[PDB]
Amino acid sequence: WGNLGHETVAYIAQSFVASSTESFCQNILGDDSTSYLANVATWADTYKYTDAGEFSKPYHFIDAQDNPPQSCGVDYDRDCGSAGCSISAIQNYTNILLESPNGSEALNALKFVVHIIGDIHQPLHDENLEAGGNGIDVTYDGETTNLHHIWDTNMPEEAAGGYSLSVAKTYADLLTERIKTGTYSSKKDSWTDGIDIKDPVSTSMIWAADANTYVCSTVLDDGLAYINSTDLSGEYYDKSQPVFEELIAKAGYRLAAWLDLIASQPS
């Protein structure tokens, strides 16, 4: 996602973490504001453009070598690759926070986890075709862009009504309501099935596989004749909106559950 989606994921997670988890994170981040996770949720996307952070570019995605929309699937050993991926990064940075939470690496590990759990839930961050859809040029509200970009940025920002941190906070409030009492309230109790702090790869692969299903059902079902030739701000946006909203909600809810397990200690 772009910045709005990552900040939204982070604000949702803040609404679901335990108090002890909130304290654990605020202490690592040096931030006890009511934006502590949202304030770092975009860091990985600035870091990756620097010489020191170039190593981390591949950590934003897992390039699933499936065949959408006919067939979707993610395979860690097939798809991660030698340079690492979102799944290998979740393992590495989770284990830093479990083993060395008071050490110098915990700060960036936490900022990576906050960001990357968000990215796992962007379906085109779980898809090899055309580099996650970057190579698929599209028109969106009369503008030339690409299919990856409209999932990251154009569509979530249209739905949220803007791009800023305060717009993200409002959007997160909306999606948090849908989890607690609204749209998602009868589904969300299943959203952490399979979670296992002892197996970060298995856990994050369940999430990536979930998001990847929507590459076939939603991102590409209409087919590329339609997608290449049509302004995607109309009916394509209308069908995409419920899907990216639920995936942003899932990312925040799952990030909260994961941070709770990272911070957990038996009383």
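We number the residues from 1 along the sequence you see.
Participant: Given the B-factors recorded for C-alpha atoms, which segment has the greater mean, 207-215 or 221-229?
Facilitator: According to the PDB entry, the answer is 221-229.
Participant: Going by the average Cα B-factor in the PDB entry, point out whether 231-239 or 29-37 comes out higher.
Facilitator: Between 29-37 and 231-239, it is 29-37 that shows the higher mean C-alpha B-factor.
Participant: Going by the CA temperature factor in the entry, name the top one among 88, 146, 104, 122.
Facilitator: When the deposited C-alpha B-factors of 88, 146, 104, 122 are compared, 104 is largest.
Participant: Would you mind checking where the Cα B-factor of residue 117 ranks among the modelled residues of its chain, as the lowest, middle or highest third?
Facilitator: For residue 117, the deposited C-alpha B-factor lands in the lowest third.
Participant: Per the entry's values, where does residue 99 land by CA temperature factor relative to the rest of its chain, in the lowest, middle or highest third?
Facilitator: According to the entry, residue 99 has a C-alpha B-factor in the chain's highest third.
Participant: Quick check on the deposited entry: does the C-alpha B-factor of residue 126 sit in the lowest, middle or highest third of its chain?
Facilitator: It belongs to the lowest third of the chain when residues are ordered by C-alpha B-factor.
Participant: Lowest, middle or highest third: where is residue 178 by C-alpha B factor in its chain?
Facilitator: As the PDB entry reports it, the C-alpha B-factor of residue 178 lands in the lowest third of its chain.
Participant: Looking at the temperature factor on the CA atom of residue 44, which third of the chain's modelled residues does it land in?
Facilitator: Its C-alpha B-factor belongs to the middle third of this chain's values.
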